[PDB]
Trainee: 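Handing you this structure, nothing more for now.
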Number of protein chains: 2
Amino acid sequence: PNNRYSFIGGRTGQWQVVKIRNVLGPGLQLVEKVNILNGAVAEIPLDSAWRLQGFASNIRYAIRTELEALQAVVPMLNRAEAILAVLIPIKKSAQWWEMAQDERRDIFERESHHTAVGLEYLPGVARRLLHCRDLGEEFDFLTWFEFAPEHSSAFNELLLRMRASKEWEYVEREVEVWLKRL
Amino acid sequence: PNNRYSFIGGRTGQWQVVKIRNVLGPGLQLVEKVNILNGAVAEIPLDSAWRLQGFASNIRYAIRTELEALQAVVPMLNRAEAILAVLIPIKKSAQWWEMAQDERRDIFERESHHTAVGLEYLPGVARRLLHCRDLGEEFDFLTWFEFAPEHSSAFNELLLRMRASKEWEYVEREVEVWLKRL
Ligand code: HEM
Ligand code: HEM
Ligand SMILES: O=N[O-]
Ligand SMILES: O=N[O-]
């Protein structure tokens, strides 16, 4: 449908905030709930603390054989069992964005094995990647993960592996918003 | 800095329309002038026939050696002598966008030599690429070229070569707006 998603932190919404972890750089204000809208929001209610937005876009790095591997195991969003979610806004450094395409692909997969590592956690973890640097937002990406509680430990292990990678040496802001489906 | 540009076809603007060539698919209404703004415009003005918008973004295909060659030879915009320009909005097919990154890169450069051929013409041609598929626009890209009249025949030769390329088999809408500086 609409390629735009808005995440409004405040007092209403479909998701309850469990905790907010300020991984790197300035964090996000603590709020009660997150309201997720499949569209752009002009202004947020007075009782909202922040608004995040991003759009779904085309593939930027993954190659055909990687997409085939993902498609064989990828789970759908909105599984009945997937009552936990994590929203992770990420900003990468200017030095990352000034690099050419071969340099960034080399770091993303040849050195960091982003997709190969991520594949190990499917189909337990469902995901949605949104882009927002081109919208002028404070973050460059909004990443969304959801899973049943049984996979919480596996997801924490994934996070540890990702943040140890060469790719994460270019991450300059990151926040984790942990959520429970209402 | 603002990464957004709007092109408004209508009665006023910095560029006078010389001709519009509706190359492929639905065309653009003939107008007297094109007004170019470095920002977003909420609505299409009353006296305007169309409003196109796009954003400047990061590199998607060019590799380091290609980028070095491009950045070293491309002219600046708004040269005294560059009184001719061409605005070429382009839309690619759904089949293009569903391909993986290696598939699209291979078509763009390996099979079509987009950058290698373009570099032959770039010394006299200033260029700006803007993206707009992610904005929900009716085109996917807005391409902008400007040059002195002495290079008109060379630019037409470049267009002849690119429209014969494998990449152009995926172009499904294309309009040429030829302009003269006011
Ligand atoms: C759960 C398993 C995961 C899988 C299968 C996975 C897969 C992928 C793939 C294939 C891409 C590239 C999309 C493209 O080519 O445009 C990507 C991009 C990205 N992923 Fe993941 N990912 C996973 C987990 C994560 C996690 C846990 C994070 C953050 C903590 C994350 C952050 C990102 C970011 C920021 C990008 C954008 C990279 C860029 O364009 O520079 N991913 N992911
Ligand atoms: C004048 C010499 C030219 C040069 C040096 C050149 C170079 C380039 C480069 C390097 C890119 C890739 C940017 C990136 O990696 O993200 C690109 C993209 C593009 N160019 Fe050109 N170009 C030229 C002429 C043209 C012309 C005449 C047209 C249209 C008739 C055109 C249409 C496009 C389009 C539509 C894209 C976007 C491709 C995509 O992302 O799928 N270019 N050009
Ligand atoms: O792979 N980030 O949703
Ligand atoms: O290369 N199109 O600006």
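Here is how names work: the chains are called A, B, and so on, in the same order as the sequence lines, proteins then strands, and each is numbered from 1.
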Trainee: Backbone N or O of A:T115 within a donor-acceptor pair of the A:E109 side chain at under 3.5 Å?
Mentor: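 Yes; at least one donor-acceptor contact below 3.5 Å.
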Trainee: For A:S57, does its backbone N or O pair with a side-chain atom of B:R133 as donor and acceptor, under 3.5 Å?
Mentor: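 No, the answer is negative, given that no donor and acceptor are paired below the 3.5 Å cut-off.
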Trainee: Got B:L182 and B:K33 here, is their nearest side-chain heavy-atom distance under 4.5 Å?
Mentor: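 Result yes, sub-4.5 Å side-chain heavy-atom pair found.
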Trainee: In the single-linkage hydrophobic clustering (I, L, V, M, F, W, Y; side-chain heavy atoms under 4.5 Å), do A:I90 and A:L87 co-cluster?
Mentor: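 A:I90 and A:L87: separate clusters.
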Trainee: Could you verify whether a donor N or O on one side chain and an acceptor N or O on the other, from A:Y5 and A:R128, lie under 3.5 Å apart?
Mentor: yes
Trainee: Examine A:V17 and A:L28 and state if one hydrophobic cluster contains both, with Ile, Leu, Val, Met, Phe, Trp and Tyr joined whenever side-chain heavy atoms are less than 4.5 Å apart.
Mentor: yes
Trainee: Say whether, by atom type as modelled, one donor and one acceptor occur between the side chain of A:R173 and the main chain of A:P26 under 3.5 angstrom.
Mentor: yes
Trainee: Ignoring hydrogens, what is the shortest heavy-atom contact between A:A100 and B:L67? Give both atom names and the distance.
Mentor: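 In terms of heavy atoms, the two residues are closest at CB-CD2, 4.0 Å.
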Trainee: Looking at every heavy atom in both A:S152 and A:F147, which two are closest together, and how far apart are they?
Mentor: OG-CE1, 3.8 Å
Trainee: We want to know whether B:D140 and B:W96 form a side-chain donor-acceptor pair, criterion being a heavy-atom distance below 3.5 angstrom.
Mentor: no
Trainee: Quick one: does any side-chain atom of B:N3 pair with a main-chain N or O of A:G136 as donor and acceptor, under 3.5 Å?
Mentor: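 Checked: no pair found.
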Trainee: Under a single-linkage definition using a 4.5 Å side-chain heavy-atom cutoff for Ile, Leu, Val, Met, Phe, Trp and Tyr, are B:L30 and B:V34 assigned to the same hydrophobic cluster?
Mentor: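 The answer is yes; both residues are in one hydrophobic cluster.
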Trainee: Quick check on the hydrophobic clustering: are B:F141 and B:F155 connected, directly or via other members, by side-chain heavy-atom contacts under 4.5 Å?
Mentor: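 Same cluster.
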Trainee: Among B:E169, B:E157, B:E174, which residue meets the salt bridge (charged side-chain N to carboxylate O under 4.0 Å, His left out) test with B:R163?
Mentor: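 For B:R163, the salt bridge (charged side-chain N to carboxylate O under 4.0 Å, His left out) test succeeds with only one of B:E169, B:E157, B:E174, which is B:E174.
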Trainee: Whether the side chain of B:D106 engages the backbone of B:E111 through a donor-acceptor N/O pair (distance < 3.5 Å, no angle test) should be reported.
Mentor: no
Trainee: Any side-chain to backbone donor/acceptor pair from B:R104 onto B:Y61? Under 3.5 Å, distance only.
Mentor: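 Such a contact is absent between B:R104 side chain and B:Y61 backbone.
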Trainee: Could you state the interatomic distance from CG (B:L158) to CE (B:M162), rounded to the nearest 0.5 Å?
Mentor: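 Separation between the atoms: 5.5 Å.
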Trainee: Side chains of B:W50 and B:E138: donor-acceptor distance under 3.5 Å anywhere?
Mentor: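 B:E138 and B:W50 do not have a side-chain donor-acceptor pair below 3.5 Å.
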Trainee: How are the rings of B:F7 and B:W144 set to each other: parallel, tilted or perpendicular (split at 30° and 60°)?
Mentor: tilted
Trainee: To check you understand the geometry: which heavy-atom pair defines the closest contact between A:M76 and A:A126, and what is its length?
Mentor: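 What the structure gives for the nearest pair is O-CB, 3.7 Å.
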Trainee: Quick one: NE2 on B:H131 to CG on B:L142, what's the gap to the nearest 0.5 Å?
Mentor: 10.0 Å
Trainee: Can a salt bridge be assigned to the pair B:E146 and B:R79 using a cut-off of 4.0 Å between side-chain N and carboxylate O?
Mentor: no
Trainee: Could you tell me if B:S165 and B:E167 have a donor-acceptor pair between their side chains, going purely by distance under 3.5 Å?
Mentor: no
Trainee: Can you tell me if A:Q71 has over 12 outside heavy atoms packed within less than 6.0 Å of its CD?
Mentor: yes
Trainee: Counting only N and O atoms by type, is there a donor-acceptor contact under 3.5 Å from the side chain of B:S48 to the main-chain atoms of B:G10?
Mentor: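 No; judged by distance alone, with no hydrogens or angles, the pair does not exist.
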Trainee: Please check if the side chain of B:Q14 supplies one atom and the backbone of B:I36 the other of a donor-acceptor pair under 3.5 Å.
Mentor: yes
Trainee: Kindly give the heavy-atom pair with the smallest separation between B:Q53 and B:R4, and that separation in Å.
Mentor: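 It is OE1-NH1, 2.6 Å.
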Trainee: Any link between B:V177 and B:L84 through a network of hydrophobic side chains (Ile, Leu, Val, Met, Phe, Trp, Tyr) touching at under 4.5 Å?
Mentor: no
Trainee: Which heavy-atom pair separates B:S6 from B:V41 by the least distance, and what is that distance?
Mentor: OG-N, 3.7 Å
Trainee: Search all heavy atoms of B:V31 against all heavy atoms of B:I20 and return the closest pair with its distance.
Mentor: N-CD1, 4.4 Å
Trainee: Working note: B:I44 + B:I8, criterion side chain to side chain contact (heavy atoms under 4.5 Å, CB included); need CA distance, chi angles, decisive distance, verdict.
Mentor: CA-CA 8 Å; B:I44 303 170; B:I8 308 181; 5.6 Å; no
Trainee: Do the charged groups of A:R64 and A:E68 touch, with an N to O distance under 4.0 Å?
Mentor: no
Trainee: Whether the side chain of B:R51 engages the backbone of B:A42 through a donor-acceptor N/O pair (distance < 3.5 Å, no angle test) should be reported.
Mentor: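 Judged by distance alone, yes, a pair lies under 3.5 Å.
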Trainee: Would you confirm whether A:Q101, through its side chain, and A:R60, through its main-chain N or O, come within 3.5 Å as a donor-acceptor pair?
Mentor: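 Flag set: sc A:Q101 to bb A:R60 pair under 3.5 Å.
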Trainee: Do B:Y121 and B:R161 meet the criterion of a side-chain donor-acceptor pair at a distance under 3.5 Å?
Mentor: yes
